[PDB]
Structure formats: structure tokens, C-alpha cells
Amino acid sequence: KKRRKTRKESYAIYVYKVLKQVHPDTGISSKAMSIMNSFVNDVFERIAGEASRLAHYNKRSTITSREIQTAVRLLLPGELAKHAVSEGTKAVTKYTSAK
């Protein structure tokens, strides 16, 4: 103890879960996981950067699910966007229900 070797932090586990939900009998190498972690960080940054600009453009001090949504429409191509807006909208609907 005392001097703890820092502490990284990735999406590796949430990734692995998703891999199970779609490919129960499929595994993943350490290198491919690194690629998946980059992808997630990359997408996150791209989406928030837009929402941030949307917020600024419209002189608003807050990033809501509305800026996340149209940021998604600007960043993602056709079909991927339509679906993504489906999952996001659904998550928000469900999440608010849960009390």
C-alpha cells in the first residue's frame, strides 16, 4: 500500500458485456479491446465537441440530451444515426420512468 501504482480506467468491461449480448460464444483479444476503447473515447469526444458547439452557438450554458441528439445527427451517417437516436431517446424515456 501507500504508494499505489496510479490507476488507469477503460470501457473494457462494458465492452465485454456488449460482446456477450451479441456474440455469447465470441471472445476478444487485448489488442482488439484497445482498439474498441479508442473507438469509444473517439466517438464520445466527437459527439460532446459538437454538443458543446451547439450549446455555444445557441448561447446556452448547458449540454442536454437535445444537444447530444443533434450532435449525433451531424456526426453519424444515415442509418447509424436513425438507430442511435432510437436507442438514446429510449434510454432517456426509460431512465426518467425509473423512480
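Start at 1 and count along the sequence shown; that's the residue number.
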Per the entry, where is the mean C-alpha temperature factor higher: 38 to 46 or 56 to 64? 56 to 64
Mean temperature factor over C-alpha atoms, higher-scoring stretch between 82 to 90 and 5 to 13: 5 to 13
Tertile call for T70 (CA temperature factor, within chain, third-based) is the lowest
Can you tell me which third, lowest, middle or highest, the CA B-factor of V18 falls into for its chain? middle
